[PDB]
$ cat protein-v7.cif   # mmCIF, N, CA and C atoms; chains and numbers go by the auth columns
data_query
#
loop_
_atom_site.group_PDB
_atom_site.id
_atom_site.type_symbol
_atom_site.label_atom_id
_atom_site.label_comp_id
_atom_site.label_asym_id
_atom_site.label_seq_id
_atom_site.Cartn_x
_atom_site.Cartn_y
_atom_site.Cartn_z
_atom_site.B_iso_or_equiv
_atom_site.auth_seq_id
_atom_site.auth_asym_id
ATOM 1 N N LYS A 1 157.944 65.732 58.644 0.00 1169 A
ATOM 2 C CA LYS A 1 159.307 65.513 58.186 0.00 1169 A
ATOM 3 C C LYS A 1 159.245 65.221 56.684 0.00 1169 A
ATOM 4 N N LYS A 2 160.377 65.431 55.999 0.00 1170 A
ATOM 5 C CA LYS A 2 160.517 65.344 54.545 0.00 1170 A
ATOM 6 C C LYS A 2 159.560 66.322 53.864 0.00 1170 A
ATOM 7 N N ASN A 3 159.741 67.593 54.215 0.00 1171 A
ATOM 8 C CA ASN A 3 158.974 68.683 53.639 0.00 1171 A
ATOM 9 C C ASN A 3 159.716 69.376 52.510 0.00 1171 A
ATOM 10 N N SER A 4 161.053 69.306 52.530 0.00 1172 A
ATOM 11 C CA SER A 4 161.949 69.777 51.468 0.00 1172 A
ATOM 12 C C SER A 4 161.728 71.253 51.160 0.00 1172 A
ATOM 13 N N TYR A 5 161.621 72.043 52.223 0.00 1173 A
ATOM 14 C CA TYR A 5 161.453 73.481 52.088 0.00 1173 A
ATOM 15 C C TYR A 5 162.704 74.087 51.468 0.00 1173 A
ATOM 16 N N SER A 6 162.510 75.058 50.589 0.00 1174 A
ATOM 17 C CA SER A 6 163.609 75.650 49.844 0.00 1174 A
ATOM 18 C C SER A 6 163.824 77.077 50.311 0.00 1174 A
ATOM 19 N N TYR A 7 165.084 77.442 50.567 0.00 1175 A
ATOM 20 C CA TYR A 7 165.406 78.823 50.915 0.00 1175 A
ATOM 21 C C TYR A 7 165.364 79.761 49.725 0.00 1175 A
ATOM 22 N N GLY A 8 165.149 79.232 48.523 0.00 1176 A
ATOM 23 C CA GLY A 8 164.673 79.863 47.314 0.00 1176 A
ATOM 24 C C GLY A 8 165.425 81.116 46.918 0.00 1176 A
ATOM 25 N N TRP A 9 164.659 82.090 46.455 0.00 1177 A
ATOM 26 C CA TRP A 9 165.164 83.347 45.930 0.00 1177 A
ATOM 27 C C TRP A 9 165.393 84.357 47.049 0.00 1177 A
ATOM 28 N N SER A 10 165.277 85.647 46.742 0.00 1178 A
ATOM 29 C CA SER A 10 166.052 86.801 47.210 0.00 1178 A
ATOM 30 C C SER A 10 166.550 86.905 48.656 0.00 1178 A
ATOM 31 N N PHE A 11 166.234 85.953 49.528 0.00 1179 A
ATOM 32 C CA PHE A 11 167.055 85.692 50.711 0.00 1179 A
ATOM 33 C C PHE A 11 168.561 85.699 50.422 0.00 1179 A
ATOM 34 N N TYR A 12 168.945 85.076 49.306 0.00 1180 A
ATOM 35 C CA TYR A 12 170.314 85.165 48.820 0.00 1180 A
ATOM 36 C C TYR A 12 170.754 86.584 48.496 0.00 1180 A
ATOM 37 N N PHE A 13 169.832 87.513 48.217 0.00 1181 A
ATOM 38 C CA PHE A 13 170.276 88.888 47.996 0.00 1181 A
ATOM 39 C C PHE A 13 170.746 89.520 49.294 0.00 1181 A
ATOM 40 N N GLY A 14 170.108 89.184 50.416 0.00 1182 A
ATOM 41 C CA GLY A 14 170.621 89.629 51.698 0.00 1182 A
ATOM 42 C C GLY A 14 171.954 88.989 52.018 0.00 1182 A
ATOM 43 N N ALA A 15 172.091 87.705 51.672 0.00 1183 A
ATOM 44 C CA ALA A 15 173.371 87.021 51.846 0.00 1183 A
ATOM 45 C C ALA A 15 174.471 87.667 51.012 0.00 1183 A
ATOM 46 N N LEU A 16 174.139 88.075 49.794 0.00 1184 A
ATOM 47 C CA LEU A 16 175.103 88.744 48.936 0.00 1184 A
ATOM 48 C C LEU A 16 175.414 90.139 49.452 0.00 1184 A
ATOM 49 N N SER A 17 174.398 90.818 49.990 0.00 1185 A
ATOM 50 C CA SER A 17 174.560 92.171 50.496 0.00 1185 A
ATOM 51 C C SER A 17 175.478 92.206 51.698 0.00 1185 A
ATOM 52 N N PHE A 18 175.474 91.135 52.496 0.00 1186 A
ATOM 53 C CA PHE A 18 176.440 91.004 53.584 0.00 1186 A
ATOM 54 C C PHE A 18 177.877 91.078 53.078 0.00 1186 A
ATOM 55 N N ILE A 19 178.193 90.279 52.055 0.00 1187 A
ATOM 56 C CA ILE A 19 179.545 90.223 51.512 0.00 1187 A
ATOM 57 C C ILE A 19 179.922 91.554 50.881 0.00 1187 A
ATOM 58 N N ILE A 20 178.977 92.161 50.160 0.00 1188 A
ATOM 59 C CA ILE A 20 179.244 93.422 49.477 0.00 1188 A
ATOM 60 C C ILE A 20 179.481 94.545 50.478 0.00 1188 A
ATOM 61 N N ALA A 21 178.632 94.634 51.505 0.00 1189 A
ATOM 62 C CA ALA A 21 178.783 95.664 52.522 0.00 1189 A
ATOM 63 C C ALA A 21 180.065 95.485 53.313 0.00 1189 A
ATOM 64 N N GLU A 22 180.472 94.241 53.539 0.00 1190 A
ATOM 65 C CA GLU A 22 181.698 94.051 54.287 0.00 1190 A
ATOM 66 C C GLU A 22 182.914 94.399 53.444 0.00 1190 A
ATOM 67 N N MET A 23 182.837 94.129 52.139 0.00 1191 A
ATOM 68 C CA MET A 23 183.910 94.528 51.243 0.00 1191 A
ATOM 69 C C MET A 23 183.976 96.044 51.104 0.00 1191 A
ATOM 70 N N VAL A 24 182.845 96.719 51.280 0.00 1192 A
ATOM 71 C CA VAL A 24 182.852 98.177 51.363 0.00 1192 A
ATOM 72 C C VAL A 24 183.595 98.637 52.609 0.00 1192 A
ATOM 73 N N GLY A 25 183.213 98.069 53.756 0.00 1193 A
ATOM 74 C CA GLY A 25 183.723 98.542 55.028 0.00 1193 A
ATOM 75 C C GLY A 25 185.212 98.335 55.201 0.00 1193 A
ATOM 76 N N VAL A 26 185.766 97.292 54.579 0.00 1194 A
ATOM 77 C CA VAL A 26 187.208 97.087 54.710 0.00 1194 A
ATOM 78 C C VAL A 26 187.989 98.105 53.871 0.00 1194 A
ATOM 79 N N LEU A 27 187.441 98.483 52.725 0.00 1195 A
ATOM 80 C CA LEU A 27 188.136 99.397 51.842 0.00 1195 A
ATOM 81 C C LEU A 27 188.092 100.808 52.396 0.00 1195 A
ATOM 82 N N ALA A 28 187.062 101.098 53.196 0.00 1196 A
ATOM 83 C CA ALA A 28 187.030 102.357 53.935 0.00 1196 A
ATOM 84 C C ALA A 28 188.229 102.494 54.867 0.00 1196 A
ATOM 85 N N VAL A 29 188.607 101.403 55.528 0.00 1197 A
ATOM 86 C CA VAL A 29 189.731 101.444 56.450 0.00 1197 A
ATOM 87 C C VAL A 29 191.033 101.579 55.684 0.00 1197 A
ATOM 88 N N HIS A 30 191.102 100.946 54.504 0.00 1198 A
ATOM 89 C CA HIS A 30 192.229 101.178 53.598 0.00 1198 A
ATOM 90 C C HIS A 30 192.380 102.653 53.266 0.00 1198 A
ATOM 91 N N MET A 31 191.265 103.302 52.925 0.00 1199 A
ATOM 92 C CA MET A 31 191.306 104.718 52.587 0.00 1199 A
ATOM 93 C C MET A 31 191.699 105.566 53.783 0.00 1199 A
ATOM 94 N N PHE A 32 191.243 105.189 54.983 0.00 1200 A
ATOM 95 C CA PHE A 32 191.635 105.924 56.181 0.00 1200 A
ATOM 96 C C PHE A 32 193.128 105.849 56.413 0.00 1200 A
ATOM 97 N N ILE A 33 193.680 104.636 56.410 0.00 1201 A
ATOM 98 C CA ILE A 33 195.069 104.506 56.818 0.00 1201 A
ATOM 99 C C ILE A 33 195.996 105.041 55.738 0.00 1201 A
ATOM 100 N N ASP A 34 195.592 104.948 54.467 0.00 1202 A
ATOM 101 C CA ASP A 34 196.412 105.510 53.405 0.00 1202 A
ATOM 102 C C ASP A 34 196.339 107.033 53.415 0.00 1202 A
ATOM 103 N N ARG A 35 195.138 107.578 53.633 0.00 1203 A
ATOM 104 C CA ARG A 35 194.953 109.018 53.667 0.00 1203 A
ATOM 105 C C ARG A 35 195.655 109.636 54.862 0.00 1203 A
ATOM 106 N N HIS A 36 195.678 108.942 55.997 0.00 1204 A
ATOM 107 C CA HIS A 36 196.421 109.456 57.136 0.00 1204 A
ATOM 108 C C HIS A 36 197.921 109.299 56.949 0.00 1204 A
ATOM 109 N N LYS A 37 198.362 108.242 56.255 0.00 1205 A
ATOM 110 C CA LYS A 37 199.785 108.076 55.986 0.00 1205 A
ATOM 111 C C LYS A 37 200.291 109.136 55.019 0.00 1205 A
ATOM 112 N N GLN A 38 199.396 109.678 54.188 0.00 1206 A
ATOM 113 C CA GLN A 38 199.765 110.797 53.322 0.00 1206 A
ATOM 114 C C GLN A 38 200.199 112.025 54.121 0.00 1206 A
ATOM 115 N N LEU A 39 199.502 112.343 55.211 0.00 1207 A
ATOM 116 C CA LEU A 39 199.968 113.433 56.072 0.00 1207 A
ATOM 117 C C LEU A 39 200.814 112.921 57.243 0.00 1207 A
ATOM 118 N N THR A 40 201.804 112.096 56.925 0.00 1208 A
ATOM 119 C CA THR A 40 202.833 111.718 57.884 0.00 1208 A
ATOM 120 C C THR A 40 204.242 112.063 57.432 0.00 1208 A
ATOM 121 N N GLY A 41 204.483 112.165 56.130 0.00 1209 A
ATOM 122 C CA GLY A 41 205.801 112.483 55.620 0.00 1209 A
ATOM 123 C C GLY A 41 206.113 111.772 54.319 0.00 1209 A
#
$ encode --input "protein-v7.cif" --output "structure tokens"
Amino acid sequence: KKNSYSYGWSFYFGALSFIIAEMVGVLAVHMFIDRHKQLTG
């Protein structure tokens, strides 16, 4: 006990990549629904 292990560096890059990839995936759905609404009238 009291080892004070640090989650340190680029583990956070995977954490950041989660947020970035999810922000990608939501905008894809925006493009789908807007592009389909274009061929509605």
$ select_by_dssp --input "protein-v7.cif" --residues "chain A" --states "helix (DSSP H, G or I)" --output "PDB file with N, CA and C atoms, keeping the file's coordinate frame"
ATOM      1  N   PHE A1179     166.234  85.953  49.528  1.00  0.00           N
ATOM      2  CA  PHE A1179     167.055  85.692  50.711  1.00  0.00           C
ATOM      3  C   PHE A1179     168.561  85.699  50.422  1.00  0.00           C
ATOM      4  N   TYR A1180     168.945  85.076  49.306  1.00  0.00           N
ATOM      5  CA  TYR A1180     170.314  85.165  48.820  1.00  0.00           C
ATOM      6  C   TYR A1180     170.754  86.584  48.496  1.00  0.00           C
ATOM      7  N   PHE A1181     169.832  87.513  48.217  1.00  0.00           N
ATOM      8  CA  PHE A1181     170.276  88.888  47.996  1.00  0.00           C
ATOM      9  C   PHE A1181     170.746  89.520  49.294  1.00  0.00           C
ATOM     10  N   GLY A1182     170.108  89.184  50.416  1.00  0.00           N
ATOM     11  CA  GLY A1182     170.621  89.629  51.698  1.00  0.00           C
ATOM     12  C   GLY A1182     171.954  88.989  52.018  1.00  0.00           C
ATOM     13  N   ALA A1183     172.091  87.705  51.672  1.00  0.00           N
ATOM     14  CA  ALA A1183     173.371  87.021  51.846  1.00  0.00           C
ATOM     15  C   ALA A1183     174.471  87.667  51.012  1.00  0.00           C
ATOM     16  N   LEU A1184     174.139  88.075  49.794  1.00  0.00           N
ATOM     17  CA  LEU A1184     175.103  88.744  48.936  1.00  0.00           C
ATOM     18  C   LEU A1184     175.414  90.139  49.452  1.00  0.00           C
ATOM     19  N   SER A1185     174.398  90.818  49.990  1.00  0.00           N
ATOM     20  CA  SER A1185     174.560  92.171  50.496  1.00  0.00           C
ATOM     21  C   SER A1185     175.478  92.206  51.698  1.00  0.00           C
ATOM     22  N   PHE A1186     175.474  91.135  52.496  1.00  0.00           N
ATOM     23  CA  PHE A1186     176.440  91.004  53.584  1.00  0.00           C
ATOM     24  C   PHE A1186     177.877  91.078  53.078  1.00  0.00           C
ATOM     25  N   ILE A1187     178.193  90.279  52.055  1.00  0.00           N
ATOM     26  CA  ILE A1187     179.545  90.223  51.512  1.00  0.00           C
ATOM     27  C   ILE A1187     179.922  91.554  50.881  1.00  0.00           C
ATOM     28  N   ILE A1188     178.977  92.161  50.160  1.00  0.00           N
ATOM     29  CA  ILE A1188     179.244  93.422  49.477  1.00  0.00           C
ATOM     30  C   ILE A1188     179.481  94.545  50.478  1.00  0.00           C
ATOM     31  N   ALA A1189     178.632  94.634  51.505  1.00  0.00           N
ATOM     32  CA  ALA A1189     178.783  95.664  52.522  1.00  0.00           C
ATOM     33  C   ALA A1189     180.065  95.485  53.313  1.00  0.00           C
ATOM     34  N   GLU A1190     180.472  94.241  53.539  1.00  0.00           N
ATOM     35  CA  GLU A1190     181.698  94.051  54.287  1.00  0.00           C
ATOM     36  C   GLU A1190     182.914  94.399  53.444  1.00  0.00           C
ATOM     37  N   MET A1191     182.837  94.129  52.139  1.00  0.00           N
ATOM     38  CA  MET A1191     183.910  94.528  51.243  1.00  0.00           C
ATOM     39  C   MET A1191     183.976  96.044  51.104  1.00  0.00           C
ATOM     40  N   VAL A1192     182.845  96.719  51.280  1.00  0.00           N
ATOM     41  CA  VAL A1192     182.852  98.177  51.363  1.00  0.00           C
ATOM     42  C   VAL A1192     183.595  98.637  52.609  1.00  0.00           C
ATOM     43  N   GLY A1193     183.213  98.069  53.756  1.00  0.00           N
ATOM     44  CA  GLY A1193     183.723  98.542  55.028  1.00  0.00           C
ATOM     45  C   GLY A1193     185.212  98.335  55.201  1.00  0.00           C
ATOM     46  N   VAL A1194     185.766  97.292  54.579  1.00  0.00           N
ATOM     47  CA  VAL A1194     187.208  97.087  54.710  1.00  0.00           C
ATOM     48  C   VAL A1194     187.989  98.105  53.871  1.00  0.00           C
ATOM     49  N   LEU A1195     187.441  98.483  52.725  1.00  0.00           N
ATOM     50  CA  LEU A1195     188.136  99.397  51.842  1.00  0.00           C
ATOM     51  C   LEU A1195     188.092 100.808  52.396  1.00  0.00           C
ATOM     52  N   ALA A1196     187.062 101.098  53.196  1.00  0.00           N
ATOM     53  CA  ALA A1196     187.030 102.357  53.935  1.00  0.00           C
ATOM     54  C   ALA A1196     188.229 102.494  54.867  1.00  0.00           C
ATOM     55  N   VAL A1197     188.607 101.403  55.528  1.00  0.00           N
ATOM     56  CA  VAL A1197     189.731 101.444  56.450  1.00  0.00           C
ATOM     57  C   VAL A1197     191.033 101.579  55.684  1.00  0.00           C
ATOM     58  N   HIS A1198     191.102 100.946  54.504  1.00  0.00           N
ATOM     59  CA  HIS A1198     192.229 101.178  53.598  1.00  0.00           C
ATOM     60  C   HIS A1198     192.380 102.653  53.266  1.00  0.00           C
ATOM     61  N   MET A1199     191.265 103.302  52.925  1.00  0.00           N
ATOM     62  CA  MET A1199     191.306 104.718  52.587  1.00  0.00           C
ATOM     63  C   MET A1199     191.699 105.566  53.783  1.00  0.00           C
ATOM     64  N   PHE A1200     191.243 105.189  54.983  1.00  0.00           N
ATOM     65  CA  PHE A1200     191.635 105.924  56.181  1.00  0.00           C
ATOM     66  C   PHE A1200     193.128 105.849  56.413  1.00  0.00           C
ATOM     67  N   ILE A1201     193.680 104.636  56.410  1.00  0.00           N
ATOM     68  CA  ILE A1201     195.069 104.506  56.818  1.00  0.00           C
ATOM     69  C   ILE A1201     195.996 105.041  55.738  1.00  0.00           C
ATOM     70  N   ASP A1202     195.592 104.948  54.467  1.00  0.00           N
ATOM     71  CA  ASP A1202     196.412 105.510  53.405  1.00  0.00           C
ATOM     72  C   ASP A1202     196.339 107.033  53.415  1.00  0.00           C
ATOM     73  N   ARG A1203     195.138 107.578  53.633  1.00  0.00           N
ATOM     74  CA  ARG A1203     194.953 109.018  53.667  1.00  0.00           C
ATOM     75  C   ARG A1203     195.655 109.636  54.862  1.00  0.00           C
ATOM     76  N   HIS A1204     195.678 108.942  55.997  1.00  0.00           N
ATOM     77  CA  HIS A1204     196.421 109.456  57.136  1.00  0.00           C
ATOM     78  C   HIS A1204     197.921 109.299  56.949  1.00  0.00           C
ATOM     79  N   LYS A1205     198.362 108.242  56.255  1.00  0.00           N
ATOM     80  CA  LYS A1205     199.785 108.076  55.986  1.00  0.00           C
ATOM     81  C   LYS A1205     200.291 109.136  55.019  1.00  0.00           C
ATOM     82  N   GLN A1206     199.396 109.678  54.188  1.00  0.00           N
ATOM     83  CA  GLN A1206     199.765 110.797  53.322  1.00  0.00           C
ATOM     84  C   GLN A1206     200.199 112.025  54.121  1.00  0.00           C
TER      85      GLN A1206
END
$ axis_aligned_box --input "protein-v7.cif" --around "range 1175-1187 of chain A" --padding-each-side "4 Å" --output "AutoDock Vina command-line options"
--center_x 172.3 --center_y 84.8 --center_z 49.8 --size_x 23.3 --size_y 22.8 --size_z 15.7
$ atom_distance --input "protein-v7.cif" --atom1 "CA of residue 1201 in chain A" --atom2 "CA of residue 1188 in chain A"
20.7 Å
